[PDB]
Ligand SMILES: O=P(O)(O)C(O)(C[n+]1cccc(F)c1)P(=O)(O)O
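Taking the form solved without the named molecule, here's one chain by itself in structure tokens.
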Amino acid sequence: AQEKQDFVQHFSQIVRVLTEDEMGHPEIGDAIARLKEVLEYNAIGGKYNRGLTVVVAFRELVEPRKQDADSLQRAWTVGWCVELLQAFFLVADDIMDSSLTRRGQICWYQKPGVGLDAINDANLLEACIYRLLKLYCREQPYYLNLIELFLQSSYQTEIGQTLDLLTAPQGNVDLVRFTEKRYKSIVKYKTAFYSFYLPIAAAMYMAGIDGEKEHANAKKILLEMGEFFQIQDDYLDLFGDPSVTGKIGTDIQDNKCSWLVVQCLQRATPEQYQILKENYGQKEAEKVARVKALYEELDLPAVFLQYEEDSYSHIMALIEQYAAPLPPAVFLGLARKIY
């Protein structure tokens, strides 16, 4: 896009401000050096889809007369705050899941000499958000709105992550917990709210669009798009092409409440339920092959393609009905890239 350029470049000033700006407090140098390393390792390396969304939406939503360099700089900073929310979640999630890599890189907590100290580094990444907001936006009228937005997004992501941990406890294989309401509930709180609501809502407040109806309306579209994003992600984990996706999938081995397995449990005969009690969550490849096979027997990819078409119409209907007074392009830009 026309913006990715400026977005990554501005990370350097984000880092300058967060480290240079306690330079008149030398006794904390050594911890501020470490915060620089946490930031650099964890905030950089993604695609920045969520950060950039804030910027794109800011550009589509704020009257061009009010888009000076200072404004823009604030929008780039809020974008980065979304990225940092992200980095915080991911560093913590990787520790909890005992992950090895992320973005095909070694997980921060696995780096020699980091280990569980990453719990504190993860907290710091979260703290940094509110530092940047204060530094860049304290005089703006949407300041407190943004602060509350970021805290509510965290709470919701956390409540979502609880549901996820209660549903899929590693070692307590119980496919009984994997219902569709549960599934949709986890996605909503854990993924959709911060991934699809947070960034558009942030741009909105920056634009002065702060009414509860406007936000209720954007939220309806965006949680629905988040649910599709994640279902598509579950589907693609197994049936995607790794070269295209950049991802080699392991949902089955990791015991996930994937959409695929919810669907499968709704469509299994008892023999199949047991075939799935037998192979769900084994590293061994033939056990994994066996589950995939079961998924294909029951035409789950045809189910997915059907779901993908229905949901596309549904989102477009939602847009026609709830976008206004926002430009529909704000939503459709995102629909086009996810679909």
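Rigid core here is just the name for the largest C-alpha set that superposes within 1.5 Å across the two forms. Throughout, we count residues from 1 along the sequence that is shown.
Although it is not shown, the form solved in complex with the named molecule is what the next lines describe.
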query	finding
All of 184, 259 and 267 within 4.5 Å of the named molecule in the entry with it bound, heavy atom check	no
4.5 Å heavy atom contact, residue 178 and the named molecule in the entry with it bound	no
Residue 161, heavy atom within 4.5 angstroms of the named molecule in the entry with it bound	yes
4.5 angstroms heavy atom contact with the named molecule in the entry with it bound for residue 247	yes
The named molecule contact in the entry with it bound: residue 194, any heavy atom under 4.5 Å	yes
Partner-contacting position among 114, 238, 223, 90 - heavy atom within 4.5 Å of the named molecule in the entry with it bound	90
Segment assignment from 95 to 103, 68 to 76, 259 to 267, 139 to 147: heavy atom within 4.5 Å of the named molecule in the entry with it bound	95 to 103
Contact set, 230 to 244 vs the named molecule in the entry with it bound - heavy atom within 4.5 angstroms	230, 233
Core-superposed comparison between this form and the one not shown, residue 251 Cα displacement 2 Å or beyond	yes
Residue 67 C-alpha relocation of at least 2 Å between this form and the one not shown, rigid core basis	no
Residue 282 C-alpha moves between this form and the one not shown by 2 Å or more, core aligned	yes
